[PDB]
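Colleague: Protein chains in written order, with the entry's author numbering: chain H, 3001 to 3218; chain F, 2001 to 2218; chain D, 1001 to 1218; chain E, 2001 to 2212; chain G, 3001 to 3212; chain C, 1001 to 1212. Every residue, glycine too, gets a C-beta built ideally from N, C-alpha and C.
1) Sorted by chain position, which residues of the same chain lie with C-beta nearer than 6 Å to residue 1183 of chain D's C-beta, five sequence neighbours on each side aside?
2) Using a Cβ cut-off of 8 Å, pull out every chain E residue sitting near residue 3111 of chain G, in sequence order please.
3) Just to confirm the assignment, what range does the beta strand (DSSP E) spanning residue 2020 of chain F have?
4) In three-state terms, what does DSSP make of residue 1056 of chain D?
5) For the stretch 3170 to 3182 of chain G and the stretch 3103 to 3115 of chain G, state whether three or more C-beta atom pairs, one from each stretch, are separated by less than 8 Å.
6) Taking all protein chains shown into account, do 16 or more other C-beta atoms lie within 10 angstroms of the C-beta of residue 1061 of chain D, making it buried, or fewer, making it exposed?
7) So residue 2174 of chain F and residue 2161 of chain E are in contact, right, with Cβ under 8 Å, and what is the actual spacing, rounded?
8) Name the residue from G/3091, G/3009, G/3120 and G/3197 whose alpha carbon lies nearest to the alpha carbon of residue 3029 of chain G.
9) DSSP beta-bridge partners for residue 1032 of chain C?
10) So for residue 2153 of chain F, helix, strand or coil by DSSP?
11) Which residue marks the beginning of the beta strand (DSSP E) containing residue 3154 of chain G, and which one marks its end?
12) If distances are taken between C-alpha atoms only, which option among D/1059, D/1095, D/1157 and D/1165 comes closest to residue 1202 of chain D?
13) In this structure, does DSSP put residue 3027 of chain H in helix, strand or coil?
14) Between residue 1207 of chain C and the rest of its own chain, which residues show a CB-CB distance below 6 Å, the 5 nearest in sequence each way excluded?
15) According to the neighbour-count rule (16 or more other Cβ atoms, all chains shown, within 10 Å of its Cβ), is residue 1087 of chain C buried or exposed?
16) Could you spell out where the alpha helix (DSSP H) holding residue 2239 of chain F opens and where it closes?
17) Based on the DSSP secondary-structure assignment, which residues constitute the bridge partners of residue 2197 of chain E?
18) In chain E, which residues lie with their C-beta within 8 Å of the C-beta of residue 2132 of chain F?
19) At 8 Å on the CB atoms, spell out the chain G contacts of residue 3172 of chain H, in chain order.
20) My understanding is that residue 2167 of chain F touches residue 2187 of chain F, with C-beta atoms under 8 Å, so please give their C-beta distance in whole angstroms.
21) Using DSSP's beta-bridge definition, name the partner residues of residue 2110 of chain F.
22) Where residue 2152 of chain F and residue 2088 of chain F are concerned, what is the direct C-alpha to C-alpha distance, given to the nearest angstrom?
23) Which value, in whole angstroms, describes the spacing of the CA atoms of residue 1123 of chain D and residue 1210 of chain D?
24) Using CA atoms only, rank isn't needed, just tell me which of G/3157, G/3022, G/3148 and G/3143 is closest to residue 3129 of chain G.
25) Using the three-state DSSP reduction, which class does residue 3125 of chain G fall into: helix, strand or coil?
26) Closer than 8 Å is the cut-off here; do at least three beta carbon pairs connect the stretch 3126 to 3137 of chain H with the stretch 3094 to 3101 of chain H?
27) If we count the other Cβ atoms within 10 Å of its Cβ and call it buried at 16 or more, is residue 2006 of chain F buried or exposed?
28) Could you tell me which of E/2014, E/2010 and E/2016 sits nearest to residue 2022 of chain E, measuring between CA atoms?
29) At which residue ranges does the stretch 2135 to 2193 of chain F contain complete beta strand (DSSP E) runs of 3 or more residues, listed in the order of the chain?
30) How big is the Cα-Cα spacing for residue 1069 of chain C and residue 2150 of chain F?
31) Could you pull out every residue in the same chain whose Cβ sits closer than 7 Å to the Cβ of residue 1067 of chain C, ignoring the five residues on either side in sequence?
32) Using DSSP with H/G/I as helix, E/B as strand and the rest coil, what is residue 1997 of chain E?
33) According to DSSP, what are the bridge partners of residue 1212 of chain D?
34) Residue 1104 of chain D by DSSP, collapsed to three states: which one?
35) Residues of the stretch 1128 to 1146 of chain C in Cβ contact with chain D at a cutoff of 9 Å, in chain order, please.
36) Classify residue 1046 of chain D as helix, strand or coil using the three-state DSSP reduction.
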């Protein structure tokens, strides 16, 4: 029923501004309070402010003035939030939230990930990782696919076009001077490799890239 | 007080029939319901039926008709159960049970173990198990006595006519094509063997066998 | 508020007698019952008796007559306990205790440790413990200071006059034919020893001894 | 006709702690009944009509629940409580039991002791050759055996029998026996029985040679 | 303006046992609110006004407390409950959250599996050389990595990324990657990645040689 | 005249969990009393008349029971609670105590660190020779020592002293010292102290030679 849809990700340079929105349905928008919450990696949830469209009431967190300016469009339909300053401090996940009066929240939005960086959009690389020269110890062989130097997130990594998914560990990317680095491991038996073909497939929507790299034995 | 005595074991070939009984004392037999339960190794308890001798009421499990025919002798004293079909499926422990009305049980009988097998009653073998040629590692020596190829159960295995019982592990027998195989281990210190005599004693009542085998060093 | 002060330790030869006291303050002494409890190493707490100064009521444990004679001085201020017999059995910690009527205790005294021994007061020795000839395995070196043959307790052991306290394990002394034996270990990194000076300091108040022993490399 | 599932199947609890066992029914049930069965003994009634205790039942057992979900609770676990516990129902004739919650007693991790035995000369006379490998005193019950002849693994002809948990030290013991013919036994030399236990990844290995 | 501290920070509980989580406030608080956030999903309201449950909340969650000390209690821990839980307050505007009690699921001790990979020829073309060491399937999360080049330890240029707890086997996995230049890579020969886990004091060692 | 048995003798509990301690009397008792004693300090009254708490007693301690069976319950275990707890009775003059329930704090398995020391030249001057073997930081308390001279075991003249549980890391430490004469020390060469702990079946071995 109650759904609070908001766009995926926004990527804006330091200094400039962002206008976040929240498409609300499943309930009467003009009846219940709309709150905004900021979540950072390892610092916890931080409440920003809240608007009541009734009765126009706009509350703010004293630490968030005047970085955030909250407005509401009522037609159409959404709740707006403009971030004015934009610094490396602002890089976080911003959540839409419905609530009945102050000050708790019932339903949360999908969340928009905001990345404040001076870096430019760049294409990935993709590298094949092969085991040691000779043989692998045991019966289970381990293969990898290293993706180094790409901006921004995300990257969809699939093995064998989607035919291989069991025993696959995809590791989250880390920021390394403007460009991300991601790795993924796969564990299969020695009877399948290198007897059958194994290929890691990486696609980046922001750069329109499609790389299929075959792991050849050393 | 309340005791429901029933014979030890019955061994009947496939096709023929069995008449199970339950000698009841400690209470007025004609007052409380008599139930019958079948228990298999790893399948759980299965209720068969129940008789009230009053007021003659005979209930049956729909899955047990007409494999079981329940009757009651009131003089003498017992509750009867005839198994008509007899297959390898029937091989289980059959329990007598007292209860006050339908449908739960207060006191259970000793249980009669029924074995449906085309196999014939056979004498045991008994073999001495000696450790490796030379010496045993540590201070505690381990000896064994293997009984292979016997029918039916049970076999009474005692060490040193009953003088040795501490640190003895007797392992339950397993069915191996009509004839059972049983083993037992004993752990004693190196100062007792082979300085003192150790003998495993096996007796089979169904074949009138008495074997005393001495474990000689290799 | 309520404080029950009693002397540290008493050391008396077998045969002779001891007069224990308990300086009571923080409450009206003549109002609440005074109890006495004996505690041994691994035997538990043993109640001896109790006096009411009012109303002079003196109760005794039947097992403690007439080893203990309880009297009370009321001026000044204290509760007295004379132990008459004195044997090796008596060597224990004796506790003062306040209570409101029979028979439980609210506040406990500091406790006086009584040692019944024919041994004479003797000076300590102190010996330096150095690691194996060559080098110590790892990065953390271990040093020790052995104090052998001293009577009575206690001995204050400090490393580097009080500059070293982190990672120090001082082990409780054990009775070895009239004279105690105590050891202490210290764990420090290899960059501090033997580059910097480490010294174990032992002082015995009953013999007026002050020993500073430097651990020299072997 | 109602199917009763008891959860979990194998219980592991240390003496002196709360034990909660649960039975779940397919549909609504009015009254529940519980049964205790100690190894090598007849079962007995513990709880009748969901909550009431039977005569002779020690004061530590308790029952509650309604409709589909029912529970047997032991407030304080004792040594003489290590038994299999069964669900029981009516108002649906049958009249069925549960799977059986096996309450096993908890013990501090134990390492298996292995002793391998060559086939006796008395059996080799008949034409058969059984190599017996005893696995004694280990916790918990779950263990893996691997017979290796000259290095190569053997799977057919293997017999494995476990014992019930001991009353004194609370450990399990199993007997592994591979049966071979006189021809099959004399063709090879090396015989190994490997024990793969939870206590250590490294297999406990005891072996011998035929020619020696 | 009130600071809310949730204790403990990381929770470890096995399925089917009582779970007590606590939040502590700086000063008096009238009502408390709790929030559940599963990995890769939006948070949701569990408890409102200290004790009342939200719609859609399963019957196992409970809340109580007063003034400064408040508690969220889970009567029986389930697999779908492994999530981060957050404190929430008002009557002091802000309107602040707690640190976040991370409820992690309990698993029987797991040993890490290590696979070391030499830098690819495609990267060595560009002038860079990244040696990747994969640490797969281990419990618990806490582990130490040690890169050794020819015996000597390296600390700068090391990248370490952990995964969230698996839904199937409940184990953690991390990726260790040291970045070097083509000049720095070819100057040395031996490259080692060591894994120091709680399961064993002995480090799990996987290494290779450059010239080979 | 009533004998009070406290069970169990040694308690092991982790911080933040329910702790139930029990005392049992020979015959009927009207009121019970409990006493806390921290290492190196005077005992104090916790509970009086079975259930009432003494002044200054933190809100976490609770008592209940009747007749012969009585209990002290700690709702949530704290670090400052690691102490010995004693039973206390009357209406039977004496007026006796229990054995003493030692509440020890729980810690994740610790491996002992061993350092062997040769007799000092200062003691060898006097004619005595004491070989000291320090066993540092291990959990739990129970450990076995084995002195081996040239391979042969020595039992007489061995001194073993344990420390109380540490306040910081919660580990135990013991000091093993074998005393010998100058003649007995110089007759043999090799001296070994072996540590048999629950953590590993393999003994932690540290040894030295006299001639070296």
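Modeller: In this structure, then:
1) 1146 and 1171
2) 2201
3) 2018 to 2020
4) strand
5) yes
6) buried
7) 5 Å
8) G/3091
9) C/1089
10) coil
11) 3152 to 3154
12) D/1157
13) coil
14) 1192
15) buried
16) In the structure as shown, chain F begins at 2001 and stops at 2218. Residue 2239 of chain F is therefore absent and cannot be evaluated.
17) E/2143 and E/2200
18) 2116, 2118 and 2208
19) 3161, 3162 and 3163
20) 4 Å
21) Answer is none; residue 2110 of chain F lacks a bridge partner.
22) 15 Å
23) 10 Å
24) G/3157
25) helix
26) no
27) buried
28) E/2010
29) 2140 to 2150, 2156 to 2159, 2168 to 2176 and 2179 to 2189
30) 54 Å
31) 1028 and 1029
32) Missing from the structure shown is residue 1997 of chain E; chain E here goes from 2001 to 2212 and no further.
33) D/1201
34) coil
35) 1128, 1130, 1132, 1134, 1136 and 1137
36) strand
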